[PDB]
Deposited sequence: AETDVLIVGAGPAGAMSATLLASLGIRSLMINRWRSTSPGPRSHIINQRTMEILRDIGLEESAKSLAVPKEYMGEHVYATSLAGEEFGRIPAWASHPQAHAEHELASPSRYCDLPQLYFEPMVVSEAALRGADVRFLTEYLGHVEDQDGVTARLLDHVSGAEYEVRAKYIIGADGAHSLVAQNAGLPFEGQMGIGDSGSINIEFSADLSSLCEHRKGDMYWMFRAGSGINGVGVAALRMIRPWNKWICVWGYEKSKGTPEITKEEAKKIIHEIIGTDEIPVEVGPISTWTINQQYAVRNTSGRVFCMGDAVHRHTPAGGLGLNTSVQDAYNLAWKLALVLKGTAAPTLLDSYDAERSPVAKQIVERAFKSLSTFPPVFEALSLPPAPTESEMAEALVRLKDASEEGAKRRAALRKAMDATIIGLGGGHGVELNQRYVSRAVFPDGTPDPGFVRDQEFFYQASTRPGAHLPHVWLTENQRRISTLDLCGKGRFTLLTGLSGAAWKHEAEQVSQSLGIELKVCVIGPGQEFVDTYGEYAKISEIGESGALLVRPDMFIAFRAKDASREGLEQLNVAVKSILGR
């Protein structure tokens, strides 16, 4: 066997890598130990960035037609049981009109609810169609690196055979216990994730629309520990989660209690368990090996950043491998994979963990014990209806506590979108870092400075709305400018013919292909109309010029050659 890139793993990171590589004409052989694509629903939250990437390749429309949309996952209800009395609700997943606006202004896509069970196979099938060899029931065993590529040993669970595959690079998208990471010797840190804890999940079917329809929500939390009624399909498919474990028909009981009532005909599906040693990789790259996904970041499910962050890891490295394999870019370009993705890995492991320190306070608000029994939790409901000044501080305390839990339920827009890149793959412009005017975890800050992702705004084509993001991507470099920067079209030519690289230029303005109809691009560019913003295949701005002056024009070439390593 001989492939350009061996992809170990077919989950979110692997499938995406194979689809993008194929889309770029690079031969890749993605493997996966199991029969199917994952069985449980696992991850479910799809953030804007993941959507954008789905939109770039043409998989958004299908994605949206298998997901629950944003309007059905805004009611986060804290209660005793589903059929019980509530404590309160929070506007989850940017439901609050303010949060919704900030959401809508940051990108043309929007939160949706798509379980991994359906997302996986959509991407695996597309990778194959796009020309990426796929092969399940084949496990990676190890590899040996050498100066011209790698050879790896594969076990085939169908024939029982064993074989080698020669590849130029390997992508370690093999999960939480990456054998690829262990072989490459990648250092891991921040294991302080407390005491290694797991979760137990149970699937079951019931028709609980009568207790959902009027208050449509992605999840219904129960205080019972902090159990959780997560919707899989509205409102007939479910799952309970709570905090390596055996259970039986008794689970049906647990649920009947989690539903409060035992009258909706329930059908108990599979029962899994999930453990996690919270850690990141300090480095994601060793020689010709690159890891990504849970293979570089392992953490809690708070904020659902794991599947999203993993697809973004694949987006950042695909075009890069493709440019290097085609000889248009020097192998150095690959060094920025670690530079740009590694800080994202550590950032999310810590944030996902920090969010776990927001729930506990809801208990302390009900002046309760973590191991509340019944009377205790029934006496809390009483103390809460108290008509005294001390009942007010109390109710106020509980509202405060619950509202503090939003950062882990749709409130961390900054965390999802505020990616700042520093590396050879980004050509600095000379300006200083502007900062964040407001909290960088909670609110997103749009920025055209090199290192940041393009900012969304709407534009028009045939008088129909198109987003700045639609103009770019496509496995190519993008240059955006206006009418007065006409000179950018030629520069770009001279710098593309000479560098053997594709470089699409768009001159936005009146009577042009794309038009600044609402004047919003002029508003969000942070530069004259004659300036230019170079956009990488992954949507990040690496180069920014303030005008079309000879000294601004001459710099393009220096930036591209620099970004490519030549």
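Asker: When the deposited sequence is counted from residue 1, which ranges lack any model?
Answerer: Since the structure holds only modelled residues, the stretches it omits are 224-231, 252-258.
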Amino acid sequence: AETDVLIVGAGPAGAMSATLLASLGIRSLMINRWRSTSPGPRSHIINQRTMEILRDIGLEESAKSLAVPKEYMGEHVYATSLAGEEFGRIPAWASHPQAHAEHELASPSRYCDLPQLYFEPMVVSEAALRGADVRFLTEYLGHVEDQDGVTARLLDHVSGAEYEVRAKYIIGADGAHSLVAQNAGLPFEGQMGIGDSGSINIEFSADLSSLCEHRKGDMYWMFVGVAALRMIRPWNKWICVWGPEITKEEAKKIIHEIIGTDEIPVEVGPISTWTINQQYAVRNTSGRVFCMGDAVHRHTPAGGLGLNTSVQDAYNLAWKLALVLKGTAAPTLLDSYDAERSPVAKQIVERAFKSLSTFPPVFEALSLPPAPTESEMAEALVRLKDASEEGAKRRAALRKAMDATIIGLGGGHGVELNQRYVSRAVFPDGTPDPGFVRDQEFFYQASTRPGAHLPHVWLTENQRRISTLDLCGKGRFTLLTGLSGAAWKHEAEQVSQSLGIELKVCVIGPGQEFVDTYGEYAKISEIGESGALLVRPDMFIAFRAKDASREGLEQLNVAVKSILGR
From here on, numbers count along this sequence of modelled residues.
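Asker: Given the B-factors recorded for C-alpha atoms, which segment has the greater mean, 498-506 or 525-533?
Answerer: It is 498-506.
Asker: Given the B-factors recorded for C-alpha atoms, which segment has the greater mean, 7-15 or 546-554?
Answerer: Mean C-alpha B-factor is greater for 546-554.
Asker: At the C-alpha atoms, which of 292, 179, 466, 231 reaches the highest B-factor in this entry?
Answerer: Max CA B-factor in the entry, restricted to 292, 179, 466, 231: 231.
Asker: Going by the entry, which of 371, 161, 396, 114 has the most elevated CA B factor?
Answerer: Across 371, 161, 396, 114, the entry lists the biggest C-alpha B-factor for 371.
Asker: For the chain shown, is the CA B-factor of residue 208 in the lowest, middle or highest third of its modelled residues?
Answerer: It falls in the top third of the chain.
Asker: Grab the CA temperature factor for residue 285 from the record and place it in the lowest, middle or highest third of its chain.
Answerer: Its C-alpha B-factor belongs to the lowest third of this chain's values.
Asker: Can you work out whether the C-alpha temperature factor of residue 340 puts it in the lowest, middle or highest third of the chain?
Answerer: According to the entry, residue 340 has a C-alpha B-factor in the chain's lowest third.
Asker: Compare the C-alpha B factor of residue 1 with those of the other modelled residues in its chain, then answer lowest, middle or highest third.
Answerer: Tercile = highest for this residue's CA B-factor.
Asker: Sorting the chain's modelled residues by C-alpha B-factor, tell me whether residue 434 ends up in the lowest, middle or highest third.
Answerer: Answer is middle: the recorded C-alpha B-factor places it there.
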